[PDB]
């Protein structure tokens, strides 16, 4: 059972070097085939970066030739990737992959997300989103929570500590100006809210932040 | 070094429909080096068809690959739910290059969006910010027009939209549209409206609130 | 007009030993290019020397054809090592890894074949010095 696993820092500063390690098990990288690094950008475009085959020879994507280096440590059955002077555009998910006959990529690592940014770790601000009910009414009610200004990804959003899981939509995050923002909406029966408490739980592991925000009906004062 | 252009870029098919997607190369590619991969959000791509027409081990018989030279295709005799994914072609000549991908979605009955608008929270205003949020949930198809009108006038600046991937259960789409303003900007106007025009009705869906009545 | 001068008999035998040394140097020494190319040139000259000798014994001994079919195990050794290296690289560059495997085996046969001729050389040398 051939298996590849990538490892290394998920964050890198612009101008610096990105380094990743691939540990292979179930097959020896000196036996045969090509051992590749393939990345996928945020928009999902795939790009082959280069490889080092069983004999140690390397082959690189011409657009990266002057910035990359792929090496290996046969005693540990691992191969490495080094990409110099990285920029914002090198943000992507990196995969270590085996190149079988005709370069068919038969075994892929699960991939590791690398973000290239100058931003510092920042916890999100969490705001409750409650209806102003100006001709609102209808069998269902939608509530939400805005999570903005955080870095890096990801954040985890749940409702009522997870007990409220149906009718939830947590949107993909977007970069506003080097910081991420997203919102999550939850739709519950009109009999549920505001009668019963509805709370958004937001966790941001990178900043060791955990916040709960109660959705309140435009306060009585 | 050749370029692989995949078409359609995005397509939807009803379960049971015949599905065909194409990989067109800028220059002739040897059939032994043309491979296809299937990828679903959250996971790595999987070898699906190799050397033009050879199905990978776990791949169901409904799939087939064909082609030669500068034109190849991947066909699904009968679309199944688990086939919804993005497919990529790949080739080698002087270097290794990937196609632009074809995202295959599930077609379902049209559904109008449920629209909700939300004024900035009192907590955010105290901090000096003012984000107005609008959710357009569970609609189909994904095509939709969303506009923000402040005191009646359309505004595009400060608007960011985010779409969820097609829902695994109901096959619908949902999106958020957020208008980010400073507290000062927000306080210069009264009416805030999010308007959505979708195939399901010639009449746009409009949700609004008046700031000075909050 | 068979140039079978003892100076040739000496060289043919001496080439069988050097041909084996070639494989050892290729395996042991981590030669790169310039020095690696020189190694393969030496090997090429050696294989040609041995190429002749073999074709010779072939012609006489019950004429060509017949002989070769009995001494096929001697063919693999007569393949220039630089030729296999050149081929392997070209095959790997094209991702023809299944073939790289077979080429690998052909290299094994080449080593065994030369080792076989190696032993014959020594045995023959022992005879010329201490006949028996």
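Protein chains in written order, with the entry's author numbering: chain B, 1 to 221; chain A, 1 to 214; chain C, 20 to 151.
Where is the CB? At the ideal position from N, CA and C, for every residue including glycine.
Inter-residue distance for residue 50/A and residue 102/B is about 9 Å (C-alpha atoms, whole angstroms). Residue 30/B is outside the set of residues whose beta carbon lies under 9 Å from a beta carbon in chain C. Bounds of the alpha helix (DSSP H) holding residue 46/C are 25-47. Contact between residue 101/A and residue 182/A is absent: CB atoms are separated by about 39 Å, not below the 8 Å threshold. A contact is defined here as three or more CB-CB pairs under 8 Å, and the stretch 183-192 of chain B meets this definition with respect to the stretch 143-162 of chain B. Between the alpha carbons of residue 68/C and residue 5/A lies a gap of roughly 55 Å. Going by beta carbons, residue 165/A and residue 8/A fall outside the 9 Å limit.
At a Cβ-Cβ threshold of 9 Å, residue 72/A and residue 22/A count as neighbours. Counting other Cβ atoms within 10 Å of its Cβ, residue 24/B reaches 16 or more and is therefore classed as buried. In this structure residue 217/B is exposed. Its beta-carbon is surrounded by fewer than 16 other beta-carbon atoms within 10 angstroms.
In terms of CA proximity to residue 18/B, 81/B leads the group 81/B, 40/B and 106/B.
For residue 112/C, the enclosing alpha helix (DSSP H) starts and ends at 100-112. For residue 211/A, the CB contacts under 6 Å within the same chain, skipping 5 residues up- and downstream, are 190 in chain order. The beta carbon of residue 10/B is closer than 7 Å to those of 112, 113, 114 and 115 in its chain, skipping five residues each way along the sequence. In this structure, DSSP gives residue 98/B an extended state, which the three-state scheme calls strand.
When Cβ pairs closer than 8 Å are counted between the two stretches, the stretch 172-182 of chain B is seen not to touch the stretch 190-199 of chain B, the count staying below three. Counted as a single uninterrupted DSSP element, the beta strand (DSSP E) harbouring residue 212/B occupies residues 209-214. Residues of the stretch 107-122 of chain B with a Cβ closer than 9 Å to any Cβ of chain A, in chain order: 107, 108, 109, 110 and 111.
A residue is called buried once 16 or more other Cβ atoms fall within 10 Å of its Cβ, and residue 214/B, having fewer, is exposed. Beyond the five residues adjoining it in sequence on each side, residue 59/C comes within less than 6 Å, by CB distance, of 101 in the same chain, given in chain order. Inclusion of residue 196/A and residue 141/A in the CB contact set at 9 Å is not warranted, their separation being larger than that value.
According to the DSSP assignment, residue 116/C belongs to the alpha helix (DSSP H) that extends over 116-148. Residue 119/B has its alpha-carbon roughly 12 Å from the corresponding atom of residue 176/B. Under a 10 Å Cβ-count criterion, residue 92/C is classified as exposed, with fewer than 16 other Cβ atoms of the shown protein chains found around its own Cβ. Contact between residue 85/A and residue 106/A is absent: CB atoms are separated by about 11 Å, not below the 8 Å threshold.
Listed along the chain, the chain B residues whose CB falls inside 8 Å of the CB of residue 101/A are 44, 45 and 46. At least one CB atom of chain C sits nearer than 9 Å to the CB of residue 53/B. The beta carbon of residue 57/B sits closer than 9 Å to some beta carbon of chain C. Non-local beta-carbon contacts of residue 59/A in its own chain, meaning distances under 8 Å to residues more than five positions away in sequence, involve 48 and 49 in chain order. Straight across, the Cα-Cα distance linking residue 133/C with residue 87/C is about 16 Å. A residue is called buried when at least 16 other Cβ atoms come within 10 angstroms of its Cβ; residue 121/C does not meet this threshold and is exposed. Residue 61/C: member of the alpha helix (DSSP H) spanning 53-79, first to last residue.
Spatial neighbours of residue 38/C in its own chain (CB-CB distance under 6 Å, excluding positions within 5 residues in sequence) are listed in chain order as 65 and 133. If you check each beta-carbon in the stretch 86-117 of chain C against every beta-carbon of chain B, the ones closer than 9 Å belong to 107, 108, 111, 112, 113, 114, 115, 116 and 117. When the alpha-carbon of residue 146/A is set against those of 33/A, 206/A, 125/A and 46/A, the nearest one is in 206/A.
Nearest CB-CB separation between residue 90/A and chain B: below the 9 Å threshold.
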